[PDB]
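Architecture and fold: a report
So you can see what is in the structure, the chains are spelled out below.
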Amino acid sequence: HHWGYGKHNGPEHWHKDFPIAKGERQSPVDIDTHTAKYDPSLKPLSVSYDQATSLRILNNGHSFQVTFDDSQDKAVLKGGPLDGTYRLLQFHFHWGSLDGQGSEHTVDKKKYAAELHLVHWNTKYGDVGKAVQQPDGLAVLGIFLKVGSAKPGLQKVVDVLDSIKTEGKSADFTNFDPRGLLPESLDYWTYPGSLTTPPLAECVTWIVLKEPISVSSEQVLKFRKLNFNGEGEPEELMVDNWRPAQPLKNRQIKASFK
Ligand SMILES: CC(=O)[C@H]1CC[C@H]2[C@@H]3CC[C@@H]4C[C@H](OS(N)(=O)=O)CC[C@]4(C)[C@H]3CC[C@]12C
Ligand SMILES: [Zn+2]
């Protein structure tokens, strides 16, 4: 029906409502590290998050998201494979029922426990609705999560998830600094792809960082207590909200590093 991640509405059904699901530049993909070409012409990623203004945290029935003020150039991505300036709209995660799955991208078929997406849109298109209709409209910065040591910068997020358990719930989430979610290295892979949920628009320049962040078992367990369902409905844990790897087709994954 309305799409989700279950047996009857999950990724293998999405093509019926969104035929671009079987398109030529779908995401995510497996990153085959030995086949990705080092591109010495790729520039360092420019991440400018000092003036970020977070606004709200929301359970959208498919993930939770932290939304930012994107009405000015306060939190922007540029350089790397990008032409121009991309404003941060929101970040969200994909995660598993257990630590051995949850990421959308894979690395030599390895699945991480979770994947963080920082979603940015190209200011030349003026708004994100316009940007998703363009092949260079969005840049999504993808960061893998493994389970081990706690990520201190994630704790303010984990501590409010009890307040947005079910679909539709939101809360004030001001003064959150997304720099606390970044790994040391900005070494990346890049390829042209898509949104990984409906409507699966082929509008994304993917930038996937090589270095995962570590989060604790206690932090990821709080993700797994969220609910896909709305408040009065049968409880269906929000887990395994990831789309599997899609055919690479006529695409090259480029590495910023040797
Ligand atoms: C159709 C439309 O209006 C677009 C504009 C911004 C898009 C959203 C941007 C933020 C994330 C990106 C996300 O893609 S991902 N997982 O590759 O980062 C798909 C869901 C969602 C909510 C997107 C859904 C479709 C949206 C609402
Ligand atoms: Zn995502």
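Residues numbered from 1 in each chain as written, not as in the entry; some residues may be left out. Chains lettered and ligands numbered in written order. Heavy atoms only, no water. Residues with missing side-chain atoms left out of burial classes, pairs and counts.

With that settled, consider the pairing of strand 5 (residues 64-68). With respect to burial, strand 5 is a largely interior element, five of its five residues being buried. For strand 4 (residues 54-59) and strand 5, the ladder comprises five bridges, and the chain directions are antiparallel. By the bridge assignment, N59 is partnered in strand 5 with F64. Remark: four residues form the turn of the hairpin made by strand 4 and strand 5, two consecutive strands paired antiparallel; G61 in that turn has positive phi of roughly 80°. Across three bridges, strand 5 lies against strand 7 (residues 86-95) in antiparallel orientation. Paired with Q65 across the bridge in strand 7 is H92. (Buried < 20%, exposed > 50% of the residue type's maximum accessible area, 1.4 Å probe, protein only. Helix = DSSP H or I, 4+ residues; strand = E, 2+ residues; numbered from the N terminus. Pairing = 2+ DSSP bridges.)

For the zinc ion (ligand 2), the full set of protein donor atoms is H92 (NE2), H94 (NE2) and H117 (ND1), and the range of their distances to it is 2.0 to 2.1 Å. For the zinc ion (ligand 2), the four donor atoms in the first shell make angles of 100 to 115° at the metal, a pattern classed as tetrahedral. Counting gaps between the donor residues of the zinc ion (ligand 2) yields the pattern H-x1-H-x22-H. The residues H92 and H94 share a single accessibility class, namely buried. (Donors = N, O, S within 2.8 Å, 3.2 Å for Na, K, Ca; no water. Tetrahedral: all angles 85-135°; square planar, octahedral: opposite > 155°, others 65-115°.)

Turning next to the environment of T85. Within the secondary structure, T85 is located in the loop between strand 6 (76-79) and strand 7. Once the C-alpha coordinates of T85 and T53 are considered, the two residues, 32 residues apart in sequence, prove to be 17 Å apart. Here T85 is in contact with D73, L77, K78, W121, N122 and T123, once residues within four sequence places are set aside. One polar contact links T85 to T123, side chain to side chain, over a distance of 3.0 Å. (Contact = heavy atoms within 4.5 Å. Polar contact = N/O pair within 3.5 Å; in protein donor to acceptor, adjacent residues only side chain to side chain.)

This next bit is on the UniProt feature "active site" in the protein chain. Under the UniProt annotation, the feature "active site" is placed at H62. By the secondary structure assignment, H62 is in the loop between strand 4 and strand 5. Every residue in contact with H62, bar those within four places of it in the chain, is listed here: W3, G4, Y5, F228, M238 and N241. In this structure the side chain of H62 is engaged in a polar contact, spanning 3.4 Å, whose partner is the backbone oxygen of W3. (UniProt positions renumbered as here; feature names shortened; annotations may be inferred.)

The next subject is the side chain of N229. Mapped onto the elements of the fold, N229 is located in the loop between helix 3 (217-223) and strand 15 (254-255). The exposure class assigned to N229 is buried, which follows from its relative accessible area of 6%. Among the polar contacts listed, one links the side chain of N229 to the side chain of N227, at a separation of 3.3 Å. Residue contacts for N229: discarding those within four places in its chain leaves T166, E167, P234, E235 and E236.

Another aspect to go through is the packing of aromatic side chains. Counting across every chain of the model gives 15 aromatic pairs. Seen in terms of ring centroids, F64 and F223 are 5.3 Å apart; in terms of plane orientation they differ by 70°. Their pairing is edge-to-face. Linking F64 in strand 5 with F223 in helix 3, this pair joins segments that are 159 residues apart in sequence. On the basis of relative accessibility, which here comes to 0%, the residue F64 falls in the buried class. With a relative accessible area of 1%, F223 lands in the buried category. Here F93 and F223 contribute two aromatic rings whose centre-to-centre distance is 4.9 Å and whose plane-to-plane angle is 55°, an arrangement assigned as tilted. Taken together, the residues span a long stretch of sequence, with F93 in strand 7 and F223 in helix 3 at a distance of 130 residues. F223 shares its class with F93; the two are buried. (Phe/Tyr/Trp six-rings, centres within 6.5 Å; stacked < 30°, edge-to-face > 60°.)

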